[PDB]
Amino acid sequence: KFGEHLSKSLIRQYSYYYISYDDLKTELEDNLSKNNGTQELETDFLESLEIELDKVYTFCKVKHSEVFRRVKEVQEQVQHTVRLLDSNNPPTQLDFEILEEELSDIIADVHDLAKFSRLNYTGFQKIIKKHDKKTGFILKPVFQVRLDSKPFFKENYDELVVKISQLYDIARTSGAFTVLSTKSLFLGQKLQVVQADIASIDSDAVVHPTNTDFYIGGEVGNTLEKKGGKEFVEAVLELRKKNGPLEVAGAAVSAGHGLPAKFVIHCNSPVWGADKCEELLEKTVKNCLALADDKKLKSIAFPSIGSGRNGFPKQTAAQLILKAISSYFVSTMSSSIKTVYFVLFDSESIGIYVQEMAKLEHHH
């Protein structure tokens, strides 16, 4: 609350370099005790402020050169490591961790330097406020103009913050799906929402919502066909020939020829409105999961089953699919599936899934 009480909440590591508020406060009161409550007294006080200003300005100038030298050194360090990368970029994780630890240490130094400048600026404005109150002479327009232009914290730091972020992004991009949301189930399965082309996902299995005749089309089928081409189609056609018509809620798997995915799990979702459409949608999901577990797959990517041409309201579908997944994992102890990706196309569906997914094991 008081001027000295708020002053004691400073960075104790640099206590000396801070404004001597108590010493400048006593200098006014002791000189006011003597000269019976002048211009000669004003010069002595302004000389004391100049010693304080030079102390604060030099410390801000010294710490400015320290952070700018630390960035210039790590900028040369990142440029050397990037120039050292050739054919294989294998162990970039630890190299980026030490640069991240040094950059985070500089972030803390710039943060402490910003706290030092704002407290000293307030300290100078408060001592001048007390000067204009205890003494008839006015110094408010003198120091508010002199400190607004040429401040303790330079404008050069905002350019340094953008460069710190640019070097951090280099360590992030050179190292490495995007994962928008993760829900970890109690049995350790990771449910993750990814906004990507499902055909591009490195998952062990990708789910292809089809019909009884393994028709390849719609958002998913087209994207898989685009990615996988002839080999992907040839595999589906063979599967159709071998499997015969896919029963409703049925799933069948083909090799992920021409795709990132190792396998394509084709499923025949029920149509919304079918007598047991809800139960069947859950069964569809479980059949997909079962087929993935049958091949001891670690990951499976799902698009929005049922809410395409099959007409399930997105929320209904989401709720059932998530319910089926939850149920499947609590019912199947030998499941090898560690990650379930929900690869979503539109914002609304993303939002629906992010909301529903959060309802799988909820706390206050």
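Residues numbered from 1 in each chain as written, not as in the entry; some residues may be left out. Heavy atoms only, no water. Residues with missing side-chain atoms left out of burial classes, pairs and counts.

Per the deposited record, the coordinates in this entry were obtained by X-ray crystallography to a resolution of 3.29 Å.

This entry carries the title "Structure of SPX domain of the yeast inorganic polyphophate polymerase Vtc4 crystallized by carrier-driven crystallization in fusion with the macro domain of human histone macroH2A1.1".

### Comments concerning the pattern of salt bridges
The closest approach of N and O atoms between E102 and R70, which form a salt bridge, is 2.8 Å. Separated by 32 residues along the polypeptide, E102 in helix 4 (residues 92–134) and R70 in helix 3 (residues 39–84) bring together distant segments of the chain. Between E348 and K314 there is a salt bridge, with the nearest N and O atoms lying 2.7 Å from each other. Of the two residues, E348 sits in helix 10 (residues 347–358) while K314 sits in helix 9 (residues 314–331), which places them 34 residues apart along the sequence. One connected set of salt bridges, linked through shared partners, spans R70, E102 and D109. (Salt bridge = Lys/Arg side-chain N within 4 Å of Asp/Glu carboxyl O. Helix = DSSP H or I, 4+ residues; strand = E, 2+ residues; numbered from the N terminus.)

### Observations concerning helix 10
Taking 1.5 Å per residue as the helical rise, helix 10 with its 12 residues ought to reach 16 Å, and the 17 Å between its terminal C-alpha atoms agrees with that figure. The residue sitting at the N-terminus of helix 10 and contributing the capping side-chain oxygen is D346; that oxygen lies 3.2 Å from the backbone nitrogen of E348. (Expected span 1.5 Å × (residues − 1). Polar contact = N/O pair within 3.5 Å; in protein donor to acceptor, adjacent residues only side chain to side chain.)

### Notes on the UniProt feature "binding site: a glycoprotein" in the chain
Annotation from UniProt places "binding site: a glycoprotein" at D197, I198, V220, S269, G306, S307, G308 and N310. Mapped onto the secondary structure, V220 falls in helix 7 (residues 218–243). Inspection of the secondary structure puts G306 in the loop between strand 6 (299–302) and helix 9. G306 has contacts with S269, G311 and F312, leaving out every residue within four places of it along the chain. (UniProt positions renumbered as here; feature names shortened; annotations may be inferred. Contact = heavy atoms within 4.5 Å.)

### Description of unusual backbone geometry
Positive phi values are uncommon outside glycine, yet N36 reaches one of about 60°. Within the secondary structure, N36 sits in the loop between helix 2 (21–34) and helix 3. The phi dihedral of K150 falls on the positive side, at around 60°, and the residue is not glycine. Along the chain, the position of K150 falls in the loop between helix 5 (140–148) and helix 6 (157–175).

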